[PDB]
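Engineer: One structure is given below, represented as C-alpha cells, and several questions about it will come after.
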Amino acid sequence: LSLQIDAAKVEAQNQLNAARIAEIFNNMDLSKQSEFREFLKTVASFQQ
Amino acid sequence: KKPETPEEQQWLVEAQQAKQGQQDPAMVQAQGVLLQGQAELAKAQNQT
C-alpha cells in the first residue's frame with residue numbers, strides 16, 4: 001500500500017506538469033501576436 | 001476429554017475458552033516461517 005500511494009504522487013505530478021507548462025506557453029505566444037497588430041498601424045501612417 | 005459437565009459447568013469449561021483462545025494466534029506465528037516466501041513474492045511484484 002506504501003508503493004501504491006507513492007506511485008500516485010508521480011501520476012499527479014505529470015498531470016499538473018502538463019497543465020502548468022501549457023498555461024505559460026499560451027501566454028507568451030499571445031504576447032507576440034498582440035504587439036504585431038499595433039505595429040501594422042505604425043508602419044502604415046508612416047508611409048503616407 | 002471434552003466437557004460433559006461431571007465436575008464443571010463454570011469451572012473448567014470457562015478457562016477452556018481461554019486456553020484455546022491463546023493457542024490460535026500463536027499457531028499463526030509458528031506457521032509464520034512458511035509466510036516468509038509469500039512476503040518476498042508480494043512486495044517485489046507490486047514494486048515492479
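Engineer: With the Cα gyration tensor of chain A in hand, give its eigenvalues times 5 under a square root as the equivalent ellipsoid semi-axes, listed largest first in whole angstrom.
Structural biologist: 49, 4, 4
Engineer: In addition: Kindly list the residues of the range A:1-23 that lie in the label zone of B:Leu35, defined by a backbone N under 18 Å from the point 7 Å along the Cα-to-C-beta vector.
Structural biologist: Hits in the range A:1-23 for B:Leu35 at 18 Å: A:1-2.
Engineer: From the C-alpha gyration tensor of the protein assembly as shown, pull out the three semi-axes of the equivalent ellipsoid (sqrt of 5λ each), sorted largest to smallest, in whole Å.
Structural biologist: Result for the protein assembly as shown: semi-axes of 82, 18, 6 Å.
Engineer: Do the sum for chain A: with -39,500 (n - 2.57) for every DSSP H run of n ≥ 4, divided by all residues, what is the mean residue ellipticity at 222 nm, to the nearest 500 deg cm²/dmol? Don't jump to the answer; show the numbers that get you there.
Structural biologist: Values: 1 runs with 46 residues, N = 48.
About -35500 deg cm²/dmol.
Engineer: So which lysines can B:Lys1 reach, going by Cα to Cα under 28 Å and dropping same-chain residues fewer than 8 places off?
Structural biologist: Reachable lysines: B:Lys19.
Engineer: Which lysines, if any, have their Cα less than 17 Å from the Cα of A:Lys32, not counting same-chain residues under 8 positions apart?
Structural biologist: Counting by Cα, and skipping residues close in sequence, A:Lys32 has these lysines nearby: A:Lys41.
Quick reminder, even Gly has a Cβ in these numbers, built from the backbone with ideal geometry, and neighbours come from all protein chains shown. We did not get these values from a lab; they are worked out from the coordinates using the rules stated.
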